[PDB]
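Engineer: Sharing a structure here in structure tokens format.
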Amino acid sequence: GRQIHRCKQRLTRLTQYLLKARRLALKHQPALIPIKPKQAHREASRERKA
Amino acid sequence: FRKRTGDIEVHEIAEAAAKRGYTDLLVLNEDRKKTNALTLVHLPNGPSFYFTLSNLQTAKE
Amino acid sequence: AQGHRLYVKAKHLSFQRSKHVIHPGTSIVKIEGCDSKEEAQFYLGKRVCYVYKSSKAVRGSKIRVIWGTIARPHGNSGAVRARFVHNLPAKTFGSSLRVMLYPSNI
Amino acid sequence: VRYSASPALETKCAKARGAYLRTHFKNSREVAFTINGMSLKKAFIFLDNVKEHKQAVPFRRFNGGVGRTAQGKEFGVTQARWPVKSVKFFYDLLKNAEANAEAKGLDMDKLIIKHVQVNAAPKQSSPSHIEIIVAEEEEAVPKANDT
Amino acid sequence: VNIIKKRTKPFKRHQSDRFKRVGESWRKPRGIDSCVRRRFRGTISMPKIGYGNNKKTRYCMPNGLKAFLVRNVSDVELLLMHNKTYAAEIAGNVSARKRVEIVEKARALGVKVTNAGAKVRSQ
Amino acid sequence: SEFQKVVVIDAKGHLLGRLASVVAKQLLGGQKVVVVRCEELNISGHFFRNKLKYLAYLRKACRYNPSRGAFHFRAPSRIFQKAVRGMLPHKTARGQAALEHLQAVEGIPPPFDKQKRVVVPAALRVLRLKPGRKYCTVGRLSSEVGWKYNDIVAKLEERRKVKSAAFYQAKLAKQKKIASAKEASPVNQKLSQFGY
Amino acid sequence: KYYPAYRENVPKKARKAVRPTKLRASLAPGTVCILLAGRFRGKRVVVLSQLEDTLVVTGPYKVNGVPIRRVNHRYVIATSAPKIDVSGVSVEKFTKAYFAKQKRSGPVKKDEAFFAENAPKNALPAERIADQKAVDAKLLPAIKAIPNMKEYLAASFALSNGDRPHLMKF
RNA sequence: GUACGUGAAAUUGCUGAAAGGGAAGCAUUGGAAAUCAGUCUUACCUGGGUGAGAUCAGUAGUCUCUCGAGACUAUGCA
RNA sequence: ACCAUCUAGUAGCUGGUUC
RNA sequence: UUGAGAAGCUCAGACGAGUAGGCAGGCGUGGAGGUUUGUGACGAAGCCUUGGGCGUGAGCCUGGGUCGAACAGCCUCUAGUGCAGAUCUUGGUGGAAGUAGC
RNA sequence: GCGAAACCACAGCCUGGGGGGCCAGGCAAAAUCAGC
């Protein structure tokens, strides 16, 4: 009974992952774009020079 | 000034804002309690511009 | 301004203390007109406060407030022993409080 | 060069600096903190009186054994002296303080001394670094009536 | 269970405020001449086992979820069955691209990433 | 039962060390105490009792720059102000802020002539002292040690009384009119059954 | 609908099962009382009946402007002022769902609502203003019988310097 | 910018805000100012109708494994 | 007198001996 | 009923200063084998911080700035492995002071 | 005009009581110079 308990709990936990990542994929959400230290130290350098 | 509430997207805003006599539409886009970018669209089909604000200063400073 | 004042004037007296050890988590309050530790059983449980006036204004006004209640009588002279949600600052000795008459049981 | 002052904008300001100046550090400072915050052309009329012993500069911080004068009470300070070598160096700088707005094309008769700095130097005595900021006085436009 | 702390001010080695050679990390004094060792009243306190916190609400953030360093995209996967007792803290040296892919997947597992906002400005 | 923002304690007939202890607590309580006729305070013990107890205090000065020693103040007001200075933690920030709430003066200045003058029933001489005892009056005492302003205040206070007496008869004649008008209002006598 | 997930943190069987609540003896239905905190503090009102915890009180709305409110029985000072007859008023119309708030309920806003804003002015419904005239009409003659009672209600309560609430009687 | 990779502490000057009646230093409890974090963003759950198909077909084929277990390609989507 | 080398001459002892 | 890392889980009581001393468990630093389908020019290590988090603590994790090529967790092996002090060694910098003085 | 160095736990008011610091008191205003 211990082992079958796990499988049913990892079925509740894998269905909640697909029932969420499908709704999550259908919403419109912002774009996580990376910052870059080489190109934000260049801007700050050329700003005050310009 | 109309603060964006809840689930609405920019493309649905522009068509919903042109019908009430609006011309352009700015969007201040902060992150982590600093404003970093600014986009303005042109209604209802005009060119949309994505600048990024930098070296920000208020009026008190 | 005599059609107001639904509280009782009081004065914060001191912290709870011994000679050398003071216990700022519980205060001493002297209610007006309460001059016996048997006449202080009427003000047991009332919700007292401490109203003051800060300089910088937040939420359209300036008055702030620290709530709290009254727990025990204290001594033979009608003082009580109060307890506030934030402990009262030690620079408020001899100030004035308000002992609001609720929760009223009379 | 990266300077220590938030002012000295490109708009109405100009800067000069002087590094590795073989003077004392505790002597140009009290000069520097006296000339600070003043107008430019007045500072010239000010310091030349120091060169002819017509005005003494107070010694506030490094007041070691400075004898009392009669004119130190113009600012309230008890002790003052007439250093001549350090103020000779400041005149050299303030010429460059002029001649930099003279090349940037500013307005010269609204020009104040905004930020004078005196630092130490790599010891060989007690040499000095100096940087100076001269700026226009940032005038104010009268407000438009009502709305 | 509401999290609680027996102490909030950390311990601070004796006279590590006056001298700049002496660091602030705690070091038990070793001399019996000491005022502190004999525990004179008025002097600073000491780390003891008395200030140990609850054995169930230990290691927990004030929210209630314990932390977990996820340094790549398959370290947040283990937190699939533990999304209500662990918060996926991303490690510091992870690049600002490999970071933006942990967030988009931890969000599917309902896992709280504590510092998902680093290096990631959204548009 | 008083939390006035300002109290005026007329001090004729009080004891010094018992009023200075009643007052010292009300200062720390937050009030603003004015003690008028401080010159007519009393002290247990006969005339020479505190006299050598204060002539001894004159023999006590520093032995370095004797203009830096103890300042033995001679006024009847500062005699009692001294008494409320050791009763308070005057070396803290709460002592020296309490002491500026106390204004101890002699006679009655006109800013307090026209106000109420409460007394302390726990420090009075006719209560706390056995009848037929030895007692000395401070303002009569400190004159013999240097307070050279006795003959003026005794003259000044005599003028204030007869003026205040003239104030009283006009006030006494005022309520004799309302004494008639109180019973003349008929509602008082049939509706006194609410105790009044 | 789902198999229970991790950590069966099932509560134990709680022995706490509240029984009838019982108010004071001074809070009889129809007893004039004093109101201590809120907005209508100081205004003396009259109780209609006792609810489970709160009271269902009203000032006669013509006399004071106090509508039919609920007041927690602790922020009311009971008073031995002379009583009235509340047998004519049907207080059983009021229940714990009568004074329930109007259910925000999130009616569909047609998300464009971000731009266009409206307001129902949350006006008191026609039922509330109607019964306010009704219950007052069947108690105003009752307090008209007791002298000094119509003008007792409209005044307020305010203790004064020179008074001390414990030794005074209510 | 050759006083040159990163550039700590002591230490020095300027600027900003404070504090300072012949001692600061620290510990405890709180006021005032400044500022920071918290998922709260929204999510959740429940019927009908409309369309999509697949693990459905009173269905036809391929391959790898072991009758059927997965991966598929059709065709319908009852 | 000085210079190296054995020498890392000599403690019963004086100071110091690191989470 | 799943709580079998049996080196785990669980129930109940008493107890709690500590010197010389005895015992035990851990924290951290440089290198070595194994391991993380390990992190890294979209910025590794370091450094600074009026930011947040954990541990009783030694310590660790992290946001921001700086910066520019390497680096870490886990299990073992190994030691030139931890500093407040020695009129400690070397280096740097102060008050005395622009005083003593030329 | 040039310009040290010794020295440097932190320091700096008095009285009494167990010394600069403790207890209780007297008191207490910046910033400096010359005798001492």
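Each chain of the structure tokens is named A, B, ... in the order shown, its residues numbered from 1; ligands are numbered from 1 in display order.
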As a PDB file with C-alpha atoms (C1' of nucleotides), in the first residue's frame, please: the residues near residue E:9 (cut-off 12 Å, only C-alpha atoms (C1' of nucleotides), same-chain neighbours under 4 positions excluded).
Structural biologist:
```pdb
ATOM      1  CA  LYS E   5      12.319  33.187  15.988  1.00  0.00           C
ATOM      2  CA  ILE E  44      26.208  41.124  25.804  1.00  0.00           C
ATOM      3  CA  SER E  45      24.596  37.690  25.589  1.00  0.00           C
ATOM      4  CA  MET E  46      25.994  34.482  24.112  1.00  0.00           C
ATOM      5  CA  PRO E  47      25.008  31.773  21.626  1.00  0.00           C
ATOM      6  CA  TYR E  51      17.928  29.947  21.474  1.00  0.00           C
TER       7      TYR E  51
ATOM      8  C1'   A H  27      23.341  45.737  25.174  1.00  0.00           C
ATOM      9  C1'   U H  28      17.396  45.692  25.863  1.00  0.00           C
TER      10        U H  28
END
```
Engineer: What's around residue H:6 at 12 Å? Count only C-alpha atoms (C1' of nucleotides), leave out sequence neighbours fewer than 4 positions away in its own chain, and write the answer as a PDB file with N, CA and C atoms (P, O5', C5', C4', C3', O3' and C1' of nucleotides), in the first residue's frame.
Structural biologist:
```
ATOM      1  P     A J  45      31.271  33.040  -8.834  1.00  0.00           P
ATOM      2  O5'   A J  45      32.783  33.316  -8.435  1.00  0.00           O
ATOM      3  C5'   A J  45      33.592  32.275  -7.923  1.00  0.00           C
ATOM      4  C4'   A J  45      35.012  32.722  -7.702  1.00  0.00           C
ATOM      5  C3'   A J  45      35.224  33.850  -6.708  1.00  0.00           C
ATOM      6  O3'   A J  45      35.193  33.428  -5.356  1.00  0.00           O
ATOM      7  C1'   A J  45      36.464  34.285  -8.655  1.00  0.00           C
ATOM      8  P     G J  46      34.436  34.322  -4.261  1.00  0.00           P
ATOM      9  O5'   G J  46      35.251  35.688  -4.256  1.00  0.00           O
ATOM     10  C5'   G J  46      36.602  35.720  -3.827  1.00  0.00           C
ATOM     11  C4'   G J  46      37.308  36.982  -4.253  1.00  0.00           C
ATOM     12  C3'   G J  46      36.844  38.263  -3.587  1.00  0.00           C
ATOM     13  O3'   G J  46      37.430  38.441  -2.311  1.00  0.00           O
ATOM     14  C1'   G J  46      37.041  38.607  -5.919  1.00  0.00           C
ATOM     15  P     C J  47      36.537  38.890  -1.059  1.00  0.00           P
ATOM     16  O5'   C J  47      36.267  40.423  -1.337  1.00  0.00           O
ATOM     17  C5'   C J  47      37.346  41.313  -1.536  1.00  0.00           C
ATOM     18  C4'   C J  47      36.870  42.588  -2.166  1.00  0.00           C
ATOM     19  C3'   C J  47      35.687  43.244  -1.496  1.00  0.00           C
ATOM     20  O3'   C J  47      36.036  43.931  -0.311  1.00  0.00           O
ATOM     21  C1'   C J  47      35.362  43.243  -3.826  1.00  0.00           C
ATOM     22  P     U J  66      28.145  48.911 -12.476  1.00  0.00           P
ATOM     23  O5'   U J  66      29.532  48.507 -11.821  1.00  0.00           O
ATOM     24  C5'   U J  66      30.427  49.496 -11.341  1.00  0.00           C
ATOM     25  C4'   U J  66      31.614  48.857 -10.678  1.00  0.00           C
ATOM     26  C3'   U J  66      32.441  47.941 -11.562  1.00  0.00           C
ATOM     27  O3'   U J  66      33.395  48.654 -12.326  1.00  0.00           O
ATOM     28  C1'   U J  66      31.975  46.865  -9.509  1.00  0.00           C
ATOM     29  P     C J  67      33.636  48.297 -13.867  1.00  0.00           P
ATOM     30  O5'   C J  67      34.552  47.004 -13.822  1.00  0.00           O
ATOM     31  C5'   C J  67      35.709  46.949 -13.007  1.00  0.00           C
ATOM     32  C4'   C J  67      36.049  45.521 -12.683  1.00  0.00           C
ATOM     33  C3'   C J  67      36.196  44.607 -13.886  1.00  0.00           C
ATOM     34  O3'   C J  67      37.522  44.617 -14.384  1.00  0.00           O
ATOM     35  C1'   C J  67      34.725  43.629 -12.305  1.00  0.00           C
ATOM     36  P     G J  68      37.819  44.813 -15.946  1.00  0.00           P
ATOM     37  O5'   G J  68      38.525  43.448 -16.348  1.00  0.00           O
ATOM     38  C5'   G J  68      39.334  42.754 -15.403  1.00  0.00           C
ATOM     39  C4'   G J  68      38.977  41.290 -15.314  1.00  0.00           C
ATOM     40  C3'   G J  68      39.209  40.484 -16.583  1.00  0.00           C
ATOM     41  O3'   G J  68      39.482  39.138 -16.217  1.00  0.00           O
ATOM     42  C1'   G J  68      36.920  40.451 -16.057  1.00  0.00           C
ATOM     43  P     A J  69      40.744  38.368 -16.834  1.00  0.00           P
ATOM     44  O5'   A J  69      40.911  37.106 -15.888  1.00  0.00           O
ATOM     45  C5'   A J  69      41.584  35.949 -16.356  1.00  0.00           C
ATOM     46  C4'   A J  69      40.819  34.686 -16.060  1.00  0.00           C
ATOM     47  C3'   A J  69      40.801  33.661 -17.193  1.00  0.00           C
ATOM     48  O3'   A J  69      40.773  32.363 -16.629  1.00  0.00           O
ATOM     49  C1'   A J  69      38.610  34.190 -16.593  1.00  0.00           C
TER      50        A J  69
END
```
Engineer: Find the nearest atom pair between each residue of chain H and chain C for residues within 12 Å, count only C-alpha atoms (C1' of nucleotides), give distances in Å to one decimal, sort rows by chain and ascending number, and present the table as a tab-separated table.
Structural biologist:
```
residue	atom	partner	partner_atom	distance
H:28	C1'	C:24	CA	9.2
H:29	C1'	C:24	CA	5.4
H:30	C1'	C:89	CA	4.7
H:31	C1'	C:89	CA	5.2
H:32	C1'	C:54	CA	7.8
H:33	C1'	C:56	CA	9.1
```
Engineer: Hey, can you spit out that residue selection with N, CA, C and O atoms (P, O5', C5', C4', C3', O3' and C1' of nucleotides) as a PDB file, in the first residue's frame?
Structural biologist:
```pdb
ATOM      1  P     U H  28      20.418  44.092  21.674  1.00  0.00           P
ATOM      2  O5'   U H  28      19.212  44.281  22.692  1.00  0.00           O
ATOM      3  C5'   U H  28      18.945  43.302  23.680  1.00  0.00           C
ATOM      4  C4'   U H  28      17.875  43.757  24.638  1.00  0.00           C
ATOM      5  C3'   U H  28      16.662  44.426  24.017  1.00  0.00           C
ATOM      6  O3'   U H  28      15.734  43.504  23.483  1.00  0.00           O
ATOM      7  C1'   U H  28      17.396  45.692  25.863  1.00  0.00           C
ATOM      8  P     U H  29      14.806  43.934  22.250  1.00  0.00           P
ATOM      9  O5'   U H  29      13.802  44.985  22.888  1.00  0.00           O
ATOM     10  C5'   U H  29      12.821  44.559  23.818  1.00  0.00           C
ATOM     11  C4'   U H  29      11.995  45.714  24.306  1.00  0.00           C
ATOM     12  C3'   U H  29      11.291  46.517  23.230  1.00  0.00           C
ATOM     13  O3'   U H  29      10.087  45.916  22.791  1.00  0.00           O
ATOM     14  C1'   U H  29      12.387  47.986  24.711  1.00  0.00           C
ATOM     15  P     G H  30       9.670  45.991  21.242  1.00  0.00           P
ATOM     16  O5'   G H  30      10.028  47.482  20.819  1.00  0.00           O
ATOM     17  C5'   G H  30       9.133  48.259  20.042  1.00  0.00           C
ATOM     18  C4'   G H  30       8.860  49.589  20.695  1.00  0.00           C
ATOM     19  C3'   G H  30       8.842  50.792  19.770  1.00  0.00           C
ATOM     20  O3'   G H  30       7.618  50.955  19.087  1.00  0.00           O
ATOM     21  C1'   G H  30      10.197  51.276  21.619  1.00  0.00           C
ATOM     22  P     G H  31       7.542  51.951  17.835  1.00  0.00           P
ATOM     23  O5'   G H  31       7.101  53.337  18.476  1.00  0.00           O
ATOM     24  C5'   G H  31       6.750  54.430  17.644  1.00  0.00           C
ATOM     25  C4'   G H  31       7.227  55.747  18.201  1.00  0.00           C
ATOM     26  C3'   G H  31       7.751  56.729  17.172  1.00  0.00           C
ATOM     27  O3'   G H  31       6.714  57.420  16.508  1.00  0.00           O
ATOM     28  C1'   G H  31       9.258  56.617  18.979  1.00  0.00           C
ATOM     29  P     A H  32       6.452  57.149  14.951  1.00  0.00           P
ATOM     30  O5'   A H  32       7.346  58.250  14.234  1.00  0.00           O
ATOM     31  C5'   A H  32       7.222  59.616  14.594  1.00  0.00           C
ATOM     32  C4'   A H  32       8.478  60.388  14.286  1.00  0.00           C
ATOM     33  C3'   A H  32       9.083  60.148  12.916  1.00  0.00           C
ATOM     34  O3'   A H  32       8.442  60.894  11.900  1.00  0.00           O
ATOM     35  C1'   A H  32      10.777  60.043  14.555  1.00  0.00           C
ATOM     36  P     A H  33       8.061  60.194  10.508  1.00  0.00           P
ATOM     37  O5'   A H  33       9.386  60.324   9.635  1.00  0.00           O
ATOM     38  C5'   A H  33       9.977  61.592   9.389  1.00  0.00           C
ATOM     39  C4'   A H  33      11.388  61.448   8.880  1.00  0.00           C
ATOM     40  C3'   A H  33      11.575  60.464   7.737  1.00  0.00           C
ATOM     41  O3'   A H  33      11.297  61.045   6.475  1.00  0.00           O
ATOM     42  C1'   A H  33      13.185  60.041   9.414  1.00  0.00           C
TER      43        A H  33
END
```
Engineer: Output as an mmCIF file with N, CA, C and O atoms, in the first residue's frame the set of chain E residues within 12 Å of chain B, with distances taken over only C-alpha atoms.
Structural biologist:
```cif
data_model
loop_
_atom_site.group_PDB
_atom_site.id
_atom_site.type_symbol
_atom_site.label_atom_id
_atom_site.label_comp_id
_atom_site.auth_asym_id
_atom_site.auth_seq_id
_atom_site.Cartn_x
_atom_site.Cartn_y
_atom_site.Cartn_z
ATOM 1 N N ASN E 115 13.983 34.631 -6.121
ATOM 2 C CA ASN E 115 14.624 35.749 -6.803
ATOM 3 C C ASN E 115 14.592 35.544 -8.305
ATOM 4 O O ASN E 115 15.609 35.637 -8.993
ATOM 5 N N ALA E 116 13.412 35.238 -8.838
ATOM 6 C CA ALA E 116 13.280 35.050 -10.276
ATOM 7 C C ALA E 116 13.527 36.332 -11.059
ATOM 8 O O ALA E 116 13.831 36.263 -12.256
ATOM 9 N N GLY E 117 13.416 37.493 -10.418
ATOM 10 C CA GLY E 117 13.484 38.774 -11.089
ATOM 11 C C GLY E 117 14.859 39.280 -11.446
ATOM 12 O O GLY E 117 14.961 40.343 -12.061
ATOM 13 N N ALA E 118 15.922 38.564 -11.083
ATOM 14 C CA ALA E 118 17.273 39.050 -11.331
ATOM 15 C C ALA E 118 17.631 38.970 -12.809
ATOM 16 O O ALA E 118 17.346 37.976 -13.479
ATOM 17 N N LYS E 119 18.251 40.037 -13.316
ATOM 18 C CA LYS E 119 18.837 40.068 -14.657
ATOM 19 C C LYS E 119 17.818 39.778 -15.756
ATOM 20 O O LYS E 119 18.161 39.191 -16.781
ATOM 21 N N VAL E 120 16.558 40.158 -15.579
ATOM 22 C CA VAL E 120 15.538 39.527 -16.406
ATOM 23 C C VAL E 120 14.524 40.497 -17.008
ATOM 24 O O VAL E 120 13.493 40.057 -17.529
ATOM 25 N N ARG E 121 14.836 41.800 -17.010
ATOM 26 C CA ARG E 121 13.844 42.860 -17.210
ATOM 27 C C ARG E 121 12.780 42.469 -18.227
ATOM 28 O O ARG E 121 13.092 42.035 -19.338
ATOM 29 N N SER E 122 11.520 42.610 -17.831
ATOM 30 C CA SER E 122 10.410 42.086 -18.608
ATOM 31 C C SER E 122 9.821 43.162 -19.506
ATOM 32 O O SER E 122 9.842 44.352 -19.184
ATOM 33 N N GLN E 123 9.293 42.730 -20.646
ATOM 34 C CA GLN E 123 8.681 43.648 -21.591
ATOM 35 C C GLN E 123 7.375 43.071 -22.116
ATOM 36 O O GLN E 123 7.114 41.879 -21.969
#
```
Engineer: With 9 Å as the limit and counting only C-alpha atoms (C1' of nucleotides), what residues in chain E lie close to chain H? Please list them as number ranges by chain.
Structural biologist: E: 15, 17-18, 20-21, 42-45, 62-63, 112
Engineer: Create the file for the chosen residues now, containing N, CA and C atoms and written as a JSON list (two decimals), in the first residue's frame.
Structural biologist:
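Ended up saving to selection-v4.json:
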```json
[["chain", "number", "residue", "atom", "x", "y", "z"],
["E", 15, "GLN", "N", 33.60, 43.38, 21.82],
["E", 15, "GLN", "CA", 34.50, 44.44, 21.39],
["E", 15, "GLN", "C", 34.86, 44.32, 19.91],
["E", 17, "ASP", "N", 32.93, 45.83, 17.86],
["E", 17, "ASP", "CA", 32.42, 47.12, 17.43],
["E", 17, "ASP", "C", 33.45, 48.22, 17.55],
["E", 18, "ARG", "N", 34.34, 48.12, 18.53],
["E", 18, "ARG", "CA", 35.37, 49.13, 18.71],
["E", 18, "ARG", "C", 36.51, 48.94, 17.72],
["E", 20, "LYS", "N", 38.66, 47.49, 14.52],
["E", 20, "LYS", "CA", 38.45, 47.05, 13.16],
["E", 20, "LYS", "C", 39.24, 45.79, 12.81],
["E", 21, "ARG", "N", 40.18, 45.37, 13.64],
["E", 21, "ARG", "CA", 40.82, 44.08, 13.40],
["E", 21, "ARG", "C", 39.92, 42.93, 13.82],
["E", 42, "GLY", "N", 24.44, 43.02, 32.18],
["E", 42, "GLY", "CA", 24.69, 44.23, 31.43],
["E", 42, "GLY", "C", 25.54, 44.02, 30.20],
["E", 43, "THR", "N", 26.45, 43.05, 30.25],
["E", 43, "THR", "CA", 27.25, 42.69, 29.09],
["E", 43, "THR", "C", 26.39, 41.97, 28.06],
["E", 44, "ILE", "N", 26.97, 41.74, 26.88],
["E", 44, "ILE", "CA", 26.21, 41.12, 25.80],
["E", 44, "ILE", "C", 25.94, 39.66, 26.12],
["E", 45, "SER", "N", 24.97, 39.08, 25.41],
["E", 45, "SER", "CA", 24.60, 37.69, 25.59],
["E", 45, "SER", "C", 25.51, 36.78, 24.77],
["E", 62, "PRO", "N", 10.13, 33.24, 6.29],
["E", 62, "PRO", "CA", 8.95, 33.72, 7.02],
["E", 62, "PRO", "C", 7.65, 33.32, 6.36],
["E", 63, "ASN", "N", 7.66, 32.97, 5.08],
["E", 63, "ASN", "CA", 6.45, 32.48, 4.43],
["E", 63, "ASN", "C", 6.11, 31.08, 4.90],
["E", 112, "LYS", "N", 7.54, 28.42, -5.82],
["E", 112, "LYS", "CA", 7.99, 29.78, -5.59],
["E", 112, "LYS", "C", 9.48, 29.86, -5.87]]
```
Engineer: Within 12 Å of residue D:15, counting only C-alpha atoms (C1' of nucleotides), which residues qualify if same-chain residues fewer than 5 places away don't, as an MDAnalysis selection string?
Structural biologist: chainID D and resid 1:5 7:10 93:104 111:117 130:136
Engineer: Restricting it to C-alpha atoms, dump the selection as a short mmCIF file (atom, residue, chain, number, x, y, z; two decimals), in the first residue's frame.
Structural biologist:
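Contents of again.cif, as written:
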```cif
data_model
loop_
_atom_site.label_atom_id
_atom_site.label_comp_id
_atom_site.auth_asym_id
_atom_site.auth_seq_id
_atom_site.Cartn_x
_atom_site.Cartn_y
_atom_site.Cartn_z
CA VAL D 1 38.93 62.86 -15.64
CA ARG D 2 36.22 61.70 -13.22
CA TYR D 3 35.55 64.50 -10.73
CA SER D 4 34.13 64.43 -7.21
CA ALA D 5 31.24 66.86 -7.71
CA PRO D 7 27.71 69.90 -10.27
CA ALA D 8 29.87 71.12 -13.18
CA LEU D 9 27.29 70.30 -15.85
CA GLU D 10 28.17 70.98 -19.48
CA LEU D 93 44.29 77.18 -11.23
CA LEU D 94 41.68 79.93 -11.36
CA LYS D 95 43.27 81.23 -14.56
CA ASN D 96 42.44 77.84 -16.05
CA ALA D 97 39.06 78.16 -14.33
CA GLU D 98 38.47 81.30 -16.37
CA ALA D 99 40.15 80.17 -19.58
CA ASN D 100 38.00 77.10 -19.80
CA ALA D 101 34.72 78.99 -19.88
CA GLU D 102 36.49 81.43 -22.22
CA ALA D 103 36.73 78.45 -24.59
CA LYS D 104 33.30 76.99 -23.80
CA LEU D 111 30.24 82.80 -12.35
CA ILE D 112 30.57 81.38 -8.83
CA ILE D 113 33.03 78.90 -7.38
CA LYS D 114 30.89 75.82 -6.88
CA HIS D 115 33.18 73.10 -5.53
CA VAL D 116 36.86 73.33 -4.55
CA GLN D 117 38.55 70.11 -3.46
CA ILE D 130 43.47 70.24 -6.18
CA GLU D 131 40.40 70.26 -8.40
CA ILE D 132 38.10 73.24 -8.82
CA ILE D 133 34.58 73.75 -10.14
CA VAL D 134 33.38 77.12 -11.40
CA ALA D 135 29.73 77.39 -12.39
CA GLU D 136 27.09 79.93 -13.26
#
```
Engineer: Applying 10 Å and only C-alpha atoms (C1' of nucleotides), which residues near stretch 6-20 of chain K remain after dropping the ones on its own chain fewer than 5 positions away? List them as a count of residues only.
Structural biologist: 16
Engineer: I'd like the neighbourhood of stretch 1-14 of chain A as a ChimeraX atom specification, where a residue qualifies if any of its atoms comes within 10 Å (using only C-alpha atoms (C1' of nucleotides)), though same-chain residues fewer than 3 positions away should be ignored.
Structural biologist: /A:17-20 /E:80-83,109 /G:2-6 /J:1-2
Engineer: Excluding same-chain residues fewer than 6 positions from residue H:72, what lies within 12 Å of it counting only C-alpha atoms (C1' of nucleotides), as a PyMOL selection string?
Structural biologist: chain H and resi 61-64
Engineer: Write out the residues from the selection above, keeping N, CA and C atoms (P, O5', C5', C4', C3', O3' and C1' of nucleotides), as a PDB file, in the first residue's frame.
Structural biologist:
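File out-v7.pdb, as written:
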```pdb
ATOM      1  P     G H  61      -5.049  -4.929 -42.827  1.00  0.00           P
ATOM      2  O5'   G H  61      -3.838  -3.928 -43.077  1.00  0.00           O
ATOM      3  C5'   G H  61      -2.582  -4.142 -42.455  1.00  0.00           C
ATOM      4  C4'   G H  61      -1.638  -2.998 -42.721  1.00  0.00           C
ATOM      5  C3'   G H  61      -0.335  -3.028 -41.944  1.00  0.00           C
ATOM      6  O3'   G H  61       0.626  -3.881 -42.538  1.00  0.00           O
ATOM      7  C1'   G H  61      -1.281  -0.869 -41.808  1.00  0.00           C
ATOM      8  P     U H  62       1.710  -4.635 -41.627  1.00  0.00           P
ATOM      9  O5'   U H  62       2.824  -3.528 -41.380  1.00  0.00           O
ATOM     10  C5'   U H  62       3.445  -2.865 -42.470  1.00  0.00           C
ATOM     11  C4'   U H  62       4.479  -1.887 -41.984  1.00  0.00           C
ATOM     12  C3'   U H  62       5.364  -2.395 -40.861  1.00  0.00           C
ATOM     13  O3'   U H  62       6.445  -3.176 -41.332  1.00  0.00           O
ATOM     14  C1'   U H  62       4.530  -0.262 -40.295  1.00  0.00           C
ATOM     15  P     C H  63       6.982  -4.409 -40.460  1.00  0.00           P
ATOM     16  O5'   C H  63       7.946  -3.721 -39.399  1.00  0.00           O
ATOM     17  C5'   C H  63       8.984  -2.854 -39.826  1.00  0.00           C
ATOM     18  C4'   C H  63       9.520  -2.034 -38.681  1.00  0.00           C
ATOM     19  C3'   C H  63       9.890  -2.809 -37.428  1.00  0.00           C
ATOM     20  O3'   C H  63      11.164  -3.420 -37.523  1.00  0.00           O
ATOM     21  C1'   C H  63       8.631  -0.894 -36.839  1.00  0.00           C
ATOM     22  P     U H  64      11.492  -4.745 -36.678  1.00  0.00           P
ATOM     23  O5'   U H  64      11.760  -4.200 -35.207  1.00  0.00           O
ATOM     24  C5'   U H  64      12.781  -3.245 -34.966  1.00  0.00           C
ATOM     25  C4'   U H  64      12.757  -2.756 -33.541  1.00  0.00           C
ATOM     26  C3'   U H  64      12.626  -3.827 -32.473  1.00  0.00           C
ATOM     27  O3'   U H  64      13.854  -4.473 -32.197  1.00  0.00           O
ATOM     28  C1'   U H  64      11.157  -2.038 -31.990  1.00  0.00           C
TER      29        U H  64
END
```
Engineer: Write out as a PyMOL selection string the residues lying within 12 Å of residue F:135, counting only C-alpha atoms (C1' of nucleotides) and excluding same-chain residues fewer than 4 positions away.
Structural biologist: chain F and resi 13-16+40-51+125-126+128-131+140-141
Engineer: Write down as a list in words the residues belonging to stretch 48-160 of chain G that are assigned alpha helix (DSSP H) by DSSP computed on the backbone.
Structural biologist: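 DSSP on the backbone gives alpha helix (DSSP H) at residues 61, 62, 63, 64, 126, 127, 128, 129, 130, 131, 132, 133, 134, 135, 136, 137, 140, 141, 142, 143, 144, 145, 150, 151, 152, 153 and 154 of chain G.
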Engineer: Tell me, which residues of chain C carry DSSP strand (DSSP E), written as number ranges by chain?
Structural biologist: C: 9-17, 22-31, 47-49, 51-58, 61-65, 68-74, 79-84, 97-99
Engineer: Please find the residues of chain A near chain E - the criterion being any atom within 7 Å, counting only C-alpha atoms - and write them as a PyMOL selection string.
Structural biologist: chain A and resi 13+17+20-21+30-35
